[PDB]
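This is what each chain is made of:
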Amino acid sequence: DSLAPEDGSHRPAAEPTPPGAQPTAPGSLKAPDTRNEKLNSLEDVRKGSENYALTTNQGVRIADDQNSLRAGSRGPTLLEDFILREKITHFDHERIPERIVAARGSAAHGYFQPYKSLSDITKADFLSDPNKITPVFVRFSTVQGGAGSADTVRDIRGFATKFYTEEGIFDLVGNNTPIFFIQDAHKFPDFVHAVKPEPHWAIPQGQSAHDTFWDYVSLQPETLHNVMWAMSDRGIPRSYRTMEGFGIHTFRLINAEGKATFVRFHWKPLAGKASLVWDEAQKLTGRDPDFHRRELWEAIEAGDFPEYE
Amino acid sequence: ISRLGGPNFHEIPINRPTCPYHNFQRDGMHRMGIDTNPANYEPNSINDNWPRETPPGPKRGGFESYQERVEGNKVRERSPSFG
Amino acid sequence: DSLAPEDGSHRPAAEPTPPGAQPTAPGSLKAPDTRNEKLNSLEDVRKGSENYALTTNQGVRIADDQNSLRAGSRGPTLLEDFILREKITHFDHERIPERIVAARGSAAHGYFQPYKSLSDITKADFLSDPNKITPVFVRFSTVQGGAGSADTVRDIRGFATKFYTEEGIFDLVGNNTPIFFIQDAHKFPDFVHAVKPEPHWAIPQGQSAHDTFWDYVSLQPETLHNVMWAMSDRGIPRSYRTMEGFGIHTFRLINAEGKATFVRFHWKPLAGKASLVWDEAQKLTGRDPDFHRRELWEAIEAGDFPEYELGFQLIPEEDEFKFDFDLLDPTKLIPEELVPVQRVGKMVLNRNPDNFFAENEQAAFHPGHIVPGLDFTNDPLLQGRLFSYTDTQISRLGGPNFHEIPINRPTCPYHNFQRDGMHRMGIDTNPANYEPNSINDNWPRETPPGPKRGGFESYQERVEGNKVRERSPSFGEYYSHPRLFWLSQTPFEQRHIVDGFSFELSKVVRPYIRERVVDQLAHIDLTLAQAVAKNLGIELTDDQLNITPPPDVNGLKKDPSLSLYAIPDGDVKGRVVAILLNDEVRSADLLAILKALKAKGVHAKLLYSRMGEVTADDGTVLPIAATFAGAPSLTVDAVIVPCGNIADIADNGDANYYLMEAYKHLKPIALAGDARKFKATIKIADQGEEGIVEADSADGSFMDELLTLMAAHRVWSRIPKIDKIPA
Amino acid sequence: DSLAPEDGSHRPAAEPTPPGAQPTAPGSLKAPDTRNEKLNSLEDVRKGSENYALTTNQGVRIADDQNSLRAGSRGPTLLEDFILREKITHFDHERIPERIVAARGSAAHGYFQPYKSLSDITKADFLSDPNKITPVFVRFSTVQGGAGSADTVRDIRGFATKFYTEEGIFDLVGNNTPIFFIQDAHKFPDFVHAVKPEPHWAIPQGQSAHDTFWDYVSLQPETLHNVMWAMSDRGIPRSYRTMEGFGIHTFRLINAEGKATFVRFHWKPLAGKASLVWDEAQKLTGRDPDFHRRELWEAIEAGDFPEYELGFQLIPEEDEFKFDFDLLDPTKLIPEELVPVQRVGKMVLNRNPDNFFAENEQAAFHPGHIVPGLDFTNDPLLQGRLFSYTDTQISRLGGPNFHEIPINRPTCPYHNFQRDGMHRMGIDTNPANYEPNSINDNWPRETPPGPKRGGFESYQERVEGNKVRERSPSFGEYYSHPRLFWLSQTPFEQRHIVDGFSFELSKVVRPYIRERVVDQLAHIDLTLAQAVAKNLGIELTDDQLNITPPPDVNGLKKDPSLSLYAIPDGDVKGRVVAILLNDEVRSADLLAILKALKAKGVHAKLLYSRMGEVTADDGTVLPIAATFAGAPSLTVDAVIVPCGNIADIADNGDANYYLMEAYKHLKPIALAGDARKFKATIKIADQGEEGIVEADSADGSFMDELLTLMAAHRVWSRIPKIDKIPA
Ligand code: HEM
Ligand code: HEM
Ligand code: HEM
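Right, let's walk through the structure included here.

Cut-off values and rules
- Residues numbered from 1 in each chain as written, not as in the entry; some residues may be left out.
- Chains lettered and ligands numbered in written order.
- Part of a larger assembly, values for the part shown.
- Heavy atoms only, no water.
- Contact = heavy atoms within 4.5 Å.
- Buried area = accessible area lost by both parts, 1.4 Å probe.
- Salt bridge = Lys/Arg side-chain N within 4 Å of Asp/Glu carboxyl O.
- Polar contact = N/O pair within 3.5 Å; in protein donor to acceptor, adjacent residues only side chain to side chain.
- Helix = DSSP H or I, 4+ residues; strand = E, 2+ residues; numbered from the N terminus.
- Nonpolar A, V, L, I, M, F, W, Y, C, P; charged D, E, K, R; others polar.
- Least-squares fit on C-alpha atoms.
- Pairing = 2+ DSSP bridges.
- Patch = residues over 30% accessible without salt bridge, like charges linked within 9 Å, V, L, I, M, F, W, Y side chains within 5 Å.
- Areas by Shrake-Rupley, 256 points an atom, 1.4 Å probe, with all protein chains shown as cover.
- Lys, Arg positive; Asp, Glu negative; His and termini not counted.
- Charge placed at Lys NZ, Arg CZ, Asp CG, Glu CD.
- Buried < 20%, exposed > 50% of the residue type's maximum accessible area, 1.4 Å probe, protein only.

**Concerning the interface of chain A and chain D**
Often, the extent of an interface is quoted as the loss of accessible area on bringing the components together. On the chain D side, the residues contacting the 17 residues of chain A number 17 residues. Summed over both sides, the interface between chain A and chain D buries roughly 1500 Å², with carbon and sulfur atoms accounting for 63% of that surface. At the boundary of chain A with chain D, the tally comes to 1 salt bridge. Taking the shortest distance from any N to any O, the salt bridge between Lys187(A) and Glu435(D) comes out at 3.1 Å. Taken together, the links from chain A to chain D amount to 8 residue pairs in polar contact. Sorting the residues of the side of chain A that touches chain D by element identifies α3 (82–92), α4 (188–195) and α5 (211–219) of chain A as the ones contributing at least two each. Per-element tally for the side of chain A that touches chain D: the top contributor is α5(A), with 4 residues. Class assignment of the residues belonging to the side of chain A that touches chain D gives a composition of 8 nonpolar, 4 polar and 5 charged.

**Some remarks on the relation of the copies chain C and chain D**
When chain C is fitted to chain D, the best match, at an RMSD of 0.2 Å, comes from turning it 180 degrees and sliding it 0.0 Å along the axis. Look at the turn and shift together and you get a two-fold axis relating the two.

**What about the pairing of strand β6 (residues 168–175) of chain A?**
Residue and element names in this part refer to chain A. Relative to β6, strand β5 (residues 158–165) runs antiparallel, the two sharing 8 bridges. For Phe-159, the partnering residue across the bridge sits in β6 and is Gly-174. Once β5 ends, the chain turns through 2 residues before running back antiparallel as β6.

**Overview of the sheet that holds strand β2 (residues 70–71) of chain D**
Pairing within the open sheet is antiparallel, and its 4 strands lie in the order β2(A)-β13(C)-β2(B)-β2(D). Each of the sheet's edge strands pairs with one partner strand only, and the pair in question is β2 (69–71) of chain A together with β2 of chain D. Pairing of β2(A) with strand β13 (residues 462–469) of chain C involves 3 bridges; the strand directions are antiparallel. By the bridge assignment for β13(C), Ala71(A) is matched with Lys467(C).

**Focus: a negative patch on the surface**
All names here are of chain C. Taken together, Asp-583, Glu-584, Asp-617 and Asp-618 make up a surface patch of like negative charges. With respect to the secondary-structure elements, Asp-583 resides in the loop between β14 (576–580) and α16 (587–600). We classify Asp-583 as partly exposed; its relative accessible area is 32%.

**Here's the deal with the interface of chain C and chain D**
Contact residues are listed per partner, giving 126 residues for chain C and 126 residues for chain D. Summing both sides of the interface, chain C and chain D together bury roughly 11300 Å²; the carbon and sulfur share of this comes to 57%. Looking at the side of chain C facing chain D, the largest losses of area belong to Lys47(C), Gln58(C) and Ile427(C), adding up to 8% of the total buried there. Counting across the interface, chain C meets chain D through 3 salt bridges. The closest approach of N and O atoms between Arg95(C) and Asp420(D), which form a salt bridge, is 4.0 Å. Here chain C and chain D share 60 residue pairs in polar contact between them. Secondary structure elements with two or more residues in the side of chain C that touches chain D: α1 (27–30), β1 (46–47), α3 (82–92), β5 (168–175), α9 (356–361), α10 (380–396), β12 (427–428) and β13 of chain C. Of all the elements, α10(C) adds the most residues to the side of chain C that touches chain D, at 8 residues.

Okay, here's the thing in structure tokens:
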């Protein structure tokens, strides 16, 4: 009303600013001129708010959003207060189940472009032309902790990329280490239950440092290779910008002549490889549990775009 | 909420209002609307309090219940006039 | 097979053991003879495992649980592998929506018993006899963070108690502070959206230290009272065992006459009140984000049962309007100096759950779950709460039969005409599903209200007024309770409050918000306002310096029951001491140390710079619980360094840091013999300092001094000295 | 209140009673002594009602269940009415998604027993010993219609049996026809979308008589075999008790030695095969849409337990390629003339559920639910099914713990490391939730396959070929089975098939679809095609008239097991006779009539122009079951009209129409003494005609003759006489 400050210092500059210079903001307000085909296609569901009246979800303007309807100002709330029930009902149903694994993750929009046409080895449309730009949506994540867990834990990191190609969506769902812990998918629940919080007390969060994990590892030597990677500084990346990414599995590339080539997918961080040291990582889960999320958001706001080859 | 899977049933095409609708409600299963408002609460200063409440009035005013006088004890009782 | 060690060291002993002595275990395996009616009636759903074959959920025995079915050993997985798909499917669908608020919580089973019959003031069956034992299920929680967030955040704590009475479930759903942030339930989504992670980027987790929180607060002065409690050390409890519990709202007790008495509910920690200090709390969110969940679990496994005394603040109906605040206003507390708490009974938490998810995650508590003998009031916050828990549970727990989830089932009879719904467990045999009916002779039937075993009838409160969306004028006073709270704190508690505000507002990016918040503080107390203003580099104006303080609350200028520490109440039983070992420890010191701690129920954790063992000066082999870095001082209440070969650890950076961190955090430190060489890292005078125990050896006098310091919890006189300690 | 009638007539006797004699009731109240292991295992969730207080779900007794809590008796309802809100909330959430197909179904509990050990061909524990009783839960169903659609529609029927064995649940999910419409599961949605109500307007319900179905059929000739079955009288069974059941797919039996035998599963109705005629069936969907559900339930309450004989078509692994059709093609049947059905066991359905929703609606069957001793085959329709049921059940039944819904639970042990999920009932105490583990000594553990009680291991079938999306060329033959079916039917069955096709094609609005179906029929048989073309005013072209018929099936030009009626198998027990009363019934006829029916377990319903009683000629008071319009001839198998004051009903339109309708639907009619006046109603010659029982009284051979007619079900010779007749 007169709630915003008269000097306009409540609104962040809609331009690239370094970390801590302005309050962060929704991407389309912070950077309205950045676009791609996927961001333009989301325009039909985007909702503004400046200059609009406050309403129910049925479009009824609300007069008093400070109070419930009661019989007397000190009286009982009435069942006929449908404005209050819609508001509390929506509020009551806000949560959805978090992801079974990779619940903790940070994402951002971007784009991909191949350096040259790869039609000699694959007929994939998004790799068929250097001028063909594919919008992407990438989510970086940890594995074990819940959506409310800390970022700089010692854990494997997920690196998922959604490619909005002209011949369909291609998701490249990888990790920051080149192998997995286990060989057959049948043992996935076994391995994930062993790493996750123990079932009696649901401890510990975002840590493989407990009995069941090491029990499993000791009895399943196949896990040692990824364990080595986890115990190294690969388990505590400086940021999502300074970690490698791998599809891990051997997939196949299929060209127009029908020839198959085995392929393993890689993401190279153009900012280079860099990790924290354990002590720093662990203290940081306490001082700023949102440090990787924040780091990623702020780099993009600053114009320091995460780049991967 | 269970028949239509959540609190966003007003976003199912047939149910959408054709007039404007803006508020601070967020999330829920199958959220379609992507809110850009910096604020998800009011009163707020960060979005200058928008969207804002609207006083009741003759046209285009906010909803205000008719102020019926309520007088009685808290009872689980059928009115004798309904008998 | 046989993967377990032949020595049987994989299975914890089914007897009470101290923290860290054994691997923790499911409650029914750790304490099989700890029983209560609720715990025994859960036996029908308890599932064992030893000596059973591994099967599908359909009962089919599995031969190979290591591999998928494939065409050839290097071939493609086949769609007919129904064994893999049931296993992956169940795993794929394990998660359920966390609680909208209070997602993060830790729970345990216990029992409650009254001290005397309360039938003069209430017909509630569970309060009717001192010999009536009510099973309880209690969930302690934070508010803001998700299920995976840390425990020792600065935040309000929830204290929910499910009473399984013989006349129904009664849930007392309270918090650890006596008031709430807002007045009307209509603003709950606004307040919660403000405190929760901001919507663009979902930061920050488990913290109110961000712009939207303080933005809402600056614009809604009714929030200040609860904000003062959150900014005090009340917001960073040492443990769920050492914090108060409150229902917040004024409820009603109804007796068999039908007379109504206004009541506010209290939980008094019989272990007393104790909180961390901010740096310790925040660093503990990183070193052990499961600290309170673990402490609760391990206190119960050790037989250090969390015990609380239920207390009632009772106000006669005719006294409704005798205070200078509205009784129905949830942002207003009833000073204990005005209305004393009457000790009503005691609750003991003596058993952990078997399966966190099944019992803790799925537990459903509701403030509206009341029983004949209790009734609501018009408190506008409580009024809206009555609607909400019912509503959220339908999606959180997938349908309307959440009361059939084992942990939520009443222990008493339940019969009605409600039918179906997702996952219906009950198979009703009633020929009728409606009333009135003649085909089942109208059963189950209504029951008139009465003195005992009667149907529920609301107290007939007179209601007069127009249908209005209006805040009661009586609720429009926002600074006197915050002032009464502030003035009732000790000087160091005040300083921790100032520091809490200063820290939080430092992280608010928009400077105008900090300014608006400092302006609110100026209407509470000038000194408070000035100290926060000075830490923010803000100058109060002329006008802000002259804001007349709010009036006292009914003549009170302070109430010591609002302080954590003003009136001594600490208990050392269940506390923990870190003992910094060396490679030739003076065995006589250890013996004396361990004996004195055991006599007070104080646990010890033996630390060294590597795992394994060390040998004392007489060949006594001492097993090491953790390293210095592995179990930081943050996790203990005091630190003892016995004599021996001090040169072994005297250059250990970690050993020295242990002492400086403990020192910074006001913890009692005891140094024996050449362990006194460690005085130089924490810069203690030759003549000593109160809070540091030191002597030629660790005899009985040394332990008495140490144990006395621990009973006083922290060394508050050390505050001014920690400034010049780089830690 | 105490609303039951003093007299106790609100409650049905807990003893077998004929249909209509008592009010029907929950199975456990109606037949408390009928037990089995599964019925006894459900006792833990059964809930009574008599003599209990009416409460909320939390156990709080309710005083007033007639009113909401309001401010003043004419005031507004208050949000604090938690009793109202829980009651309405449960009500609001009663429904769950109906089954994607087979939403309309009727179920019952029973038991199974093998005639002899089948140990030589299968190690399946439930077939290993004739004294080993296996509890079953069976659901019969239509396919297309919703849960609220009618029973006697023209459609395929589902016949699903849940076997609660000692080594796991085994579900046999079959149909009442031995083949399915399509070959590969990938086209299931296409086929189901086609038969289901059209997407713009959701019409028609419970019917394949619409354009999209016939469009699909005309473009996919593989569907023709099952279309023939559906168009025949097979698609409108008289009752679930009188239809055959089939697994359709070829599965494998695996013995202890590891030998695999191919098997197709069969269910033989011990009450024989019997169907309605289309006009009766369609009309019965209006007069009583619950006719099959009702008949099943009343058969069981009467003690006429539906009994079926399990049968196996067995084929050695060396004979896989010995037939003209692929054994893995589900659109092909295995002629019983080539591979006889060997009798395996008997299934008796002897108790109704207590609660339809809890037991019937939430029951989840799955053809992938097999046990050691059974295995799958590469049938591409079966292969896709294995995926579908698991998936659908996770939303229909709200999560991955649907095996914990009482009806679905195994009666044998089930232990694994699967955890959580919505609605988790089992509280696991296992310290481990993964394997291999040392902390619980690896329990529960895997079990190697063996002759008895061993782990499941798939039969090691050789797999060879490229990863292709391809239909086996051996499946590409579509007309010979349809032709074999056609030729095996009686002449009157063939006319009914012609009539079913004609009727259905008449509802296809786009004439070219009709023509295309006619063209497909002309590839099956010229007589069939021409008769259907003629009914649709279509002329076959000369090319159509010369399409060469498909080859015989392995030398067979007919197989009488494919007919409902070619080989008598009539059983009159549980059938019902309508008795048209007058106001002075000759009591001697009535005694004769009722005793003769009773002797054969044939029920009766005494009908009149009004309810109440009539007094026979000797003062005997006759209670009226229903009016002529109230329980129409569609619901009975035969009609008897006893002597008396016939002039009482001679000019009653309903009484006359009663006989015209029964006469039209080929039902036996018996007229005693002056009831022969009704002969002119149905145009019977003085001489009499086969199918009409007539005599001066109901004495001597009157009832034996009537009962011989009932044993042959319908009077097929009357068909040409019904052509005319305005009814
Ligand atoms: C090569 C090994 C694997 C890698 C690199 C990997 C990677 C990932 C990543 C990065 C995510 C998070 C995606 C997001 O940001 O939303 C994820 C989620 C998930 N993963 Fe995988 N994963 C692997 C193995 C598996 C296996 C073997 C299974 C089960 C058989 C599995 C099941 C899941 C599930 C159920 C989710 C959650 C998806 C959702 O809720 O949308 N993962 N995985
Ligand atoms: C005096 C003020 C309040 C107190 C003391 C309080 C206390 C609590 C506690 C302790 C819990 C967690 C219970 C558990 O451990 O599961 C909780 C959860 C919850 N609160 Fe309240 N709360 C208050 C205000 C409100 C209001 C005003 C609303 C909405 C109108 C609300 C809605 C909820 C909901 C929806 C949950 C989650 C319940 C579930 O998912 O089972 N709370 N609250
Ligand atoms: C031989 C062919 C088939 C037969 C004999 C058959 C039989 C049945 C029966 C009897 C039922 C209902 C069981 C009950 O009463 O609950 C059913 C349901 C169902 N059918 Fe099959 N069906 C066949 C083909 C298929 C195929 C090819 C699919 C998909 C690939 C499929 C998917 C389903 C589904 C999803 C259900 C619903 C089950 C539930 O919600 O529990 N059916 N079918």
